[PDB]
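Residue numbers (the deposited numbering), protein chains in the order written: chain R, 940 to 988; chain X, 940 to 1136; chain S, 693 to 826, 830 to 1136; chain Z, 298 to 676, 685 to 741. All C-beta atoms, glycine included, are put in the ideal place defined by N, C-alpha and C. Report on the structure given below.
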Amino acid sequence: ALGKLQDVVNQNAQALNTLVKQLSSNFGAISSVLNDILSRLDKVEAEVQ
Amino acid sequence: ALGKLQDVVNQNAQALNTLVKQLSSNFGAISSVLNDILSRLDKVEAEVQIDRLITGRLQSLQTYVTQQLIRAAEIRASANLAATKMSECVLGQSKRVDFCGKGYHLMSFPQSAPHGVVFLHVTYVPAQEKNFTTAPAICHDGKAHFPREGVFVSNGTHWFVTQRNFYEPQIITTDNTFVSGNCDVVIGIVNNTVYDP
Amino acid sequence: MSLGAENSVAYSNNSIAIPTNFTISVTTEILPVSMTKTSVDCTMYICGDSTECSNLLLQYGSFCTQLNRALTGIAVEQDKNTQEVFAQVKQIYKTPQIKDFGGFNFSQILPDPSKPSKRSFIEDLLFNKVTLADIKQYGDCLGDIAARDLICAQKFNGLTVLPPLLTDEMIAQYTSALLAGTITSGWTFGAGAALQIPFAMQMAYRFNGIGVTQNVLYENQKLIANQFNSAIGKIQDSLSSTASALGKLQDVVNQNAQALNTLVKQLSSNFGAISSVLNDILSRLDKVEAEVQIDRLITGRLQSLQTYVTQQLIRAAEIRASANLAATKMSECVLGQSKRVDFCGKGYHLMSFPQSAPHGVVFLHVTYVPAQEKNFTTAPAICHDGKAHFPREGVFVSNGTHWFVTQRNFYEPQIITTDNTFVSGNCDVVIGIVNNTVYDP
Amino acid sequence: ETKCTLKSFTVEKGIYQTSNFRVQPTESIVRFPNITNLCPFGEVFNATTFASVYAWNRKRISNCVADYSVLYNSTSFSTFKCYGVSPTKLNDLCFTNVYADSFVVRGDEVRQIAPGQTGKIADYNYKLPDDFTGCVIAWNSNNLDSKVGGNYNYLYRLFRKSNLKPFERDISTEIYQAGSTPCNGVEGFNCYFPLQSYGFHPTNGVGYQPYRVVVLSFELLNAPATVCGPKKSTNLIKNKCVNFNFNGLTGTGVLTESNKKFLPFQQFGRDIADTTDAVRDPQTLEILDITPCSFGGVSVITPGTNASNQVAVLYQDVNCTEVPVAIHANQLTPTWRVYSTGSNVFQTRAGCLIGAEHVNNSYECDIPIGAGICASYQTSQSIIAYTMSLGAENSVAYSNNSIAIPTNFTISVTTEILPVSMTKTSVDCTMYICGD
Ligand SMILES: *[C@@H]1O[C@H](CO)[C@@H](O[C@@H]2O[C@H](CO)[C@@H](O)[C@H](O)[C@H]2NC(C)=O)[C@H](O)[C@H]1NC(C)=O
Ligand SMILES: *[C@@H]1O[C@H](CO)[C@@H](O[C@@H]2O[C@H](CO)[C@@H](O)[C@H](O)[C@H]2NC(C)=O)[C@H](O)[C@H]1NC(C)=O
Ligand SMILES: *[C@@H]1O[C@H](CO)[C@@H](O[C@@H]2O[C@H](CO)[C@@H](O)[C@H](O)[C@H]2NC(C)=O)[C@H](O)[C@H]1NC(C)=O
Ligand SMILES: *[C@@H]1O[C@H](CO)[C@@H](O[C@@H]2O[C@H](CO)[C@@H](O)[C@H](O)[C@H]2NC(C)=O)[C@H](O)[C@H]1NC(C)=O
Ligand SMILES: *[C@@H]1O[C@H](CO)[C@@H](O[C@@H]2O[C@H](CO)[C@@H](O)[C@H](O)[C@H]2NC(C)=O)[C@H](O)[C@H]1NC(C)=O
Ligand SMILES: *[C@@H]1O[C@H](CO)[C@@H](O[C@@H]2O[C@H](CO)[C@@H](O)[C@H](O)[C@H]2NC(C)=O)[C@H](O)[C@H]1NC(C)=O
Ligand SMILES: *[C@@H]1O[C@H](CO)[C@@H](O[C@@H]2O[C@H](CO)[C@@H](O)[C@H](O)[C@H]2NC(C)=O)[C@H](O)[C@H]1NC(C)=O
Ligand SMILES: *[C@@H]1O[C@H](CO)[C@@H](O[C@@H]2O[C@H](CO)[C@@H](O)[C@H](O)[C@H]2NC(C)=O)[C@H](O)[C@H]1NC(C)=O
Ligand SMILES: CCCCC/C=C/C/C=C/CCCCCCCC(=O)O
Ligand SMILES: CCCCC/C=C/C/C=C/CCCCCCCC(=O)O
Ligand SMILES: *[C@@H]1O[C@H](CO)[C@@H](O)[C@H](O)[C@H]1NC(C)=O
Ligand SMILES: *[C@@H]1O[C@H](CO)[C@@H](O)[C@H](O)[C@H]1NC(C)=O
Ligand SMILES: *[C@@H]1O[C@H](CO)[C@@H](O)[C@H](O)[C@H]1NC(C)=O
Ligand SMILES: *[C@@H]1O[C@H](CO)[C@@H](O)[C@H](O)[C@H]1NC(C)=O
Ligand SMILES: *[C@@H]1O[C@H](CO)[C@@H](O)[C@H](O)[C@H]1NC(C)=O
Ligand SMILES: *[C@@H]1O[C@H](CO)[C@@H](O)[C@H](O)[C@H]1NC(C)=O
Ligand SMILES: *[C@@H]1O[C@H](CO)[C@@H](O)[C@H](O)[C@H]1NC(C)=O
Ligand SMILES: *[C@@H]1O[C@H](CO)[C@@H](O)[C@H](O)[C@H]1NC(C)=O
């Protein structure tokens, strides 16, 4: 019993977890880390990334 | 009739068709065909074109999913209303006004339909009304008499007591009325006689 | 925070509390019905008077049709909400000429013919209590201004507001017809042809519905009419003084205006381009290495339009749910009497009266509240001749010496006769039976 | 037009909203300022001597016309690049503050005059900003800056403590301490003079030959222009859908006389949505305002195309007397012009309806126009507009001693249709996006 409250809690936790883990996507860039882009490229031709 | 089921079907078909036909968009790329991009360009300076196409198609899919969820919420609300009506009007009799048809509800019958349900409501409608002269109470022996159920009516000469939803006049006896107080505070009381068995 | 006032009730196994008086209480309920209908010209919002931007936007063709289809569906749903909320009956019942209603005074809710718009006093107060920030005719924006009003900005950026199908006079006529039907015919006009009845007999029907014998009305008619008139006047002076009410209609209007203003002011974003102005890009760069900037601007503005449309759909669903609730309350409380608890006000429901409001409806619920209770000693049954007696309706009470039978909601003691009780079994199984005598006529 | 908005050849009965498809601009005007002096390209491209790269020369250029077609006969440029502006748009623009930086560098170091470069010249002599706008010009000058025996009058800095800032100049000649021991202001071991001289012989390689470099820096600031392009002004056209060019700013719309005060050293005045509306005419000093040429708020009311082809047009929030000015009916086709005026003209609270006659009757709403007005197709055949009827007028005979009692009844059945479920769909994203 109490499946409805349980899966509401599970849905909220899963949404937060996938929002956290969606930070590892390149989105068509050279890397998913801002530090690598800021460390390997200058002020120009890094704004696109 | 049956416009709701028809346009739900039409909405779903139109959404699928426009999702199919949205594949012919460049999204700012040189072409809308992946084969031309992969045939005219090398591995580098072709990832940007494929990235534009991927972003556009992902946006289209997300828009379709969002509209599907929004439609599903309304469909679920309609299904909840249909389940409530089936429970409260097929499995019983409802006193709620206009919940299951115009007039006073008597019965209901369910029928199936493509992605839907059809309720046949059987109700009672009064007709052929007649004018009458009424009174709140009757003072017979210095005391007021109020009807148990129904009202006092008069055809010009005599007085009768009748039920409210149908005309069925009866002699005003002590088994139809009850006594409460004297005939001094009720506004519009009428002198008459009350039969005693 | 404090939950409320601490209270306790004196409970024993042989005690009752019976009310001896009553009050007639009227309450107000405000429900939104519809909202503003908007239309968006996508090719004018994204590419204002630019042919190259139009040619580039020709690739994104079906998105504009999809957005316009969604907005038109929202608009026709907004009209339909008012259609099933207010157009319940299809007969425009004229107001009666004579106003002999047994002492009841419906002057503040009936229409006033002196005003150009046939509206009541309460309806005028309700319209004056909502700002309804708009009427800007085209041409006034043309010249003598730099569009500080932001309506000219919305019009020049391709955002328009469509007027509703039913004007305020027709809604006022519908409410007047419902009010004339419900005070001259009772609930009969909502289930067929309207049958006339005096108002006192109608209120006797309502009192019999809530469980009180109808002689209470015929003995306290003047007091009930005075209480009803005083409470109507109290609602009138409460609404004529403070503006803290009608918050729902006000913040629906505020939400729509804020959404439109945000959509207008989102045009000043670069979206990762060299500038947010199409003219600078078209005047500083040639045909190539300018399609990328216009493509970025097109993608950003299309995203903004899609976000606005999605939020509008989400708001429209909630507005439709509220309109469905309002239609249900209209059909179940104005056209009849409801036995559901707290569906149409605190207490026992007697009547309801509708009034119009900007994108909404206001219900005045007339209810019955008992008051001035008293303690009594109570028995479940009476054993007279070796057999138990149970009341047909009401309960047995005792004032210390003698026993009486009374109705449950009002104090009206009577002699325990054989016409008030019925006999079932011997006085051996009922727990707490009390010896007494049952009179026989 | 409403066939074109729906992208179909058949139209169902009802009301539709259409996009703008009527008015097209035809005329174009230019409003450049009147400057007559030719710009002194020669005084900077034909000087008898230039400056060293470590002491590059900066000159301000103002109140001139940049034609640059007079340089086609004299000099040919080996390097010509531009950042922030396309080269073909240079004749249509007016600048604000033009700065020319001139020097002479080796032919192998011309590639270092660019943003983001590194090396010897870009680190210690001359550095460009990352957000640089303007152009770089460089050409060979072996027959001018080189002579027999060696030209040693050009110098460059070889050593420095740190890299230069953008547009920074350093002419100090202090002794550079390469090692750890102090130099004490005298040359020696690990103590070098920071400047060194180019050896420009007329017989060395192409990469070791003198090149002359001129860097032009500009900006499109909101200020009166001083340097313009070679364009001729055009007379003002008002109250028409025209293209305009004001001091290099291009646009489209309708020009109308207006008024506003404006601060002198500013030029452009924007709107809430960053749209330019306030300008100063450089030839007449009259501030006009720009209005969009497109108009929105046109709806088409029609029956089905299977029925007929007649339509009615509703203009939203437009007075029925001001309709042809608001839609520019003078420059439209006559088939659109017949819907601008005529006899069937009705003024409603929703606007102006043209093409349907206004009857005095009242029926049920067939096609909802708005504000209590509906329209329908009735009888020849025509399109009529009316005010919708709420219902049948009725009255009830009320008195204080009268009641009405029913004497008969009817049993009535009725339908109620309710949707329950819909179509269940699934997608395959890796097949939809990237098929095989
Ligand atoms: C009102 O109703 C009463 C009862 O039905 C009528 O009285 C009867 O009238 C009939 C004639 O139609 C006589 O034959 C009966 O003998 C009457 N009964 C009694 C007890 O007197 C009366 O006529 C009706 N009045 C009107 C005006 O219709
Ligand atoms: C109803 O009947 C009562 C008699 O029971 C009437 O009361 C009498 O009326 C006469 C004439 O006005 C007086 O002289 C008597 O003194 C009254 N007696 C009492 C006890 O009140 C009464 O008037 C009748 N009402 C109507 C409307 O006819
Ligand atoms: C029931 O309550 C009403 C309302 O409070 C009482 O009516 C009041 O009676 C007093 C004294 O008779 C008057 O001064 C007030 O003006 C009355 N109020 C109104 C609104 O008319 C009534 O007396 C109460 N009844 C009982 C039995 O207690
Ligand atoms: C109904 O209540 C009102 C409020 O006290 C009574 O007073 C009238 O109020 C209206 C305001 O809408 C005025 O225009 C009238 O002039 C007022 N009349 C008087 C006599 O002051 C009104 O009289 C009551 N209705 C009845 C039938 O008594
Ligand atoms: C309980 O109620 C009964 C009935 O009202 C009371 O009996 C009457 O009391 C009065 C005095 O207040 C006498 O004048 C009557 O003659 C009594 N009637 C009978 C039939 O005896 C009784 O007094 C009440 N008891 C209490 C404790 O208040
Ligand atoms: C209620 O009255 C009955 C009389 O009908 C009482 O019953 C009698 O009580 C006496 C005294 O205890 C006994 O001697 C008799 O045998 C009983 N008769 C019967 C038929 O039961 C009864 O006790 C009374 N109850 C109360 C609570 O007073
Ligand atoms: C601008 O001048 C300052 C002051 O001399 C320079 O900062 C010095 O740089 C040297 C070389 O690294 C250091 O040894 C000093 O300690 C610095 N002094 C201070 C106060 O910071 C600075 O390098 C010069 N700017 C450039 C671009 O060369
Ligand atoms: C109540 O209404 C029904 C329905 O109209 C009436 O029944 C009709 O009576 C007439 C005359 O006797 C017949 O010709 C019809 O065929 C009947 N219709 C049906 C469906 O049976 C009935 O007579 C009415 N009753 C009263 C008292 O007026
Ligand atoms: C005295 C300089 C005045 C500068 C004023 C503003 C500059 C705008 C025009 C720049 C053009 C410079 C000449 C470039 C010629 C290129 C032709 C070629 O490829 O051969
Ligand atoms: C033997 C190579 C070891 C170094 C490998 C690590 C890479 C870092 C150095 C790369 C630059 C090499 C010299 C280029 C000098 C600048 C060019 C110029 O004159 O403008
Ligand atoms: C009742 O009487 C009134 C007034 O004479 C009349 O208008 C009405 O039609 C009558 N009702 C019936 C059902 O005859
Ligand atoms: C009904 O109204 C009439 C006229 O106003 C009046 O003469 C009569 O006394 C009233 N009757 C009642 C019971 O109120
Ligand atoms: C009933 O009696 C209890 C206990 O004496 C008391 O607390 C309560 O107030 C009484 N009720 C009334 C209405 O006085
Ligand atoms: C009520 O409770 C009291 C308290 O114990 C008890 O003495 C009495 O018998 C009870 N009466 C009934 C009818 O239960
Ligand atoms: C450039 O300078 C030389 C030398 O003074 C001169 O002969 C020539 O005419 C000049 N050319 C131009 C275009 O000024
Ligand atoms: C300039 O043009 C003239 C003829 O137009 C030509 O004789 C002359 O040689 C040109 N100048 C140079 C430096 O070639
Ligand atoms: C030329 O420039 C002057 C200087 O501001 C200005 O007053 C004038 O209007 C301009 N145009 C003409 C045609 O003289
Ligand atoms: C435009 O129409 C309105 C009616 O809504 C009218 O009041 C106004 O005077 C009209 N304008 C002109 C210039 O006639």
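Query, Result
"Measure how close the beta-carbons of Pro600 of chain Z and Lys310 of chain Z come, nearest whole angstrom, since I'm counting them as under 8 Å.", "5 Å"
"Listed in chain order, which residues of the segment 401 to 413 of chain Z have Cβ atoms closer than 7 Å to some Cβ of chain R?", "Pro412, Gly413"
"In angstroms with no decimal places, state the Cα-to-Cα distance between residue 245 of chain Z and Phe456 of chain Z.", "One cannot answer for residue 245 of chain Z here, as it falls past the ends of chain Z, which runs 298 to 741."
"Can you tell me where the beta strand (DSSP E) with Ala435 of chain Z in it begins and where it stops?", "431 to 437"
"Can you pull out the residues from the segment 912 to 930 of chain S whose beta carbon lies closer than 8 Å to at least one beta carbon of chain X?", "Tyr913, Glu914, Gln916"
"Classify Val308 of chain Z as helix, strand or coil using the three-state DSSP reduction.", "coil"
"Listing by chain order, which chain R residues have their CB less than 9 Å from the CB of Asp427 of chain Z?", "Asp981, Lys982, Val983"
"At 7 Å on the CB atoms, spell out the chain X contacts of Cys361 of chain Z, in chain order.", "Result: empty, since nearest Cβ-Cβ is about 40 Å, beyond 7 Å."
"Just the Cα atoms here: how many angstroms apart are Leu1059 of chain S and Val1036 of chain S?", "16 Å"
"With a threshold of 16 other CB atoms inside 10 Å of the CB of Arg979 of chain X, please say whether the residue is buried or exposed.", "exposed"
"Tell me which residues share the same chain as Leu492 of chain Z and place their Cβ nearer than 8 Å to its Cβ, disregarding the 5 neighbours each side in the sequence.", "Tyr351, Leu452, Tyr453, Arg454, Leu455, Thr470"
"By the 9 Å beta-carbon criterion, what residues does the segment 1000 to 1016 of chain X contribute toward chain S?", "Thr1002, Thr1005, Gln1006, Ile1009, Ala1012, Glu1013, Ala1016"
"Could you tell me whether any non-hydrogen atom of ligand 6 is closer than 6 Å to the CB of residue 828 of chain S?", "Not modelled: residue 828 of chain S, which lies between 826 and 830, the two residues flanking a gap in chain S."
"So, is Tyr1134 of chain S buried or exposed, given that buried needs 16 or more other C-beta atoms within 10 angstroms?", "exposed"
"My understanding is that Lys943 of chain S touches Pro1108 of chain S, with C-beta atoms under 8 Å, so please give their C-beta distance in whole angstroms.", "Contact flag wrong, Cβ pair sits at about 48 Å."
"Could you tell me whether the Cβ of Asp990 of chain S comes closer than 7 Å to any Cβ of chain B?", "Absence of chain B from the displayed structure is noted, the protein chains being R, X, S and Z."
"In three-state DSSP terms, what is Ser935 of chain S?", "coil"
"Could you list which residues in chain Z have their beta carbon closer than 8 Å to that of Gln909 of chain S, in chain order?", "Here the premise fails: no neighbours, minimum Cβ distance about 15 Å."
"Mind checking whether the beta-carbon of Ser399 of chain Z lies closer than 6 Å to any heavy atom of ligand 15?", "no"
"Which whole runs of the alpha helix (DSSP H) in the segment 926 to 990 of chain S are 4 residues long or more, in chain order?", "942 to 960, 973 to 979"
"My parser needs the beta strand (DSSP E) runs of 3 or more residues fully inside the segment 504 to 577 of chain Z; what are they?", "507 to 514, 538 to 543, 546 to 554"
"Is there contact between the segment 633 to 643 of chain Z and the segment 562 to 582 of chain Z, where contact requires at least three CB pairs shorter than 8 Å?", "no"
"Quick check: what's the CA-CA separation for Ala411 of chain Z versus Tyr369 of chain Z?", "24 Å"
"Thinking C-alpha only, which one of Z:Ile689, Z:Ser371, Z:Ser399 is nearest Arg355 of chain Z?", "Z:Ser399"
"Please state whether the Cβ-Cβ distance between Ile598 of chain Z and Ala609 of chain Z is less than 7 Å.", "yes"
"For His655 of chain Z, which of Z:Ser704, Z:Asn641, Z:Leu390 has the nearest alpha-carbon?", "Z:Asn641"
"Measure from the alpha carbon of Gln1006 of chain S to the alpha carbon of each residue in X:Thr1005, X:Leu992, X:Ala968, X:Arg996, then state which is nearest.", "X:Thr1005"
"Is the closest heavy atom of ligand 12 to the C-beta of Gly1040 of chain S under 6 Å?", "no"
"What span of residues does the beta strand (DSSP E) with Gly648 of chain Z cover, start to end?", "648 to 651"
"Checking contacts by CB at 7 Å: is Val1092 of chain X closer than that to chain S?", "no"
"From Z:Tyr380, Z:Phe592, Z:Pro384, pick the residue whose C-alpha is nearest to that of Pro426 of chain Z; which is it?", "Z:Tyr380"
"Examine chain S for any beta-carbon lying closer than 7 Å to the beta-carbon of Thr957 of chain X, and answer yes or no.", "yes"
"Buried or exposed: where does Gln953 of chain X fall if 16 or more other Cβ atoms within 10 Å of its Cβ makes it buried?", "exposed"
"Could you tell me whether the Cβ of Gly942 of chain R comes closer than 7 Å to any Cβ of chain X?", "no"
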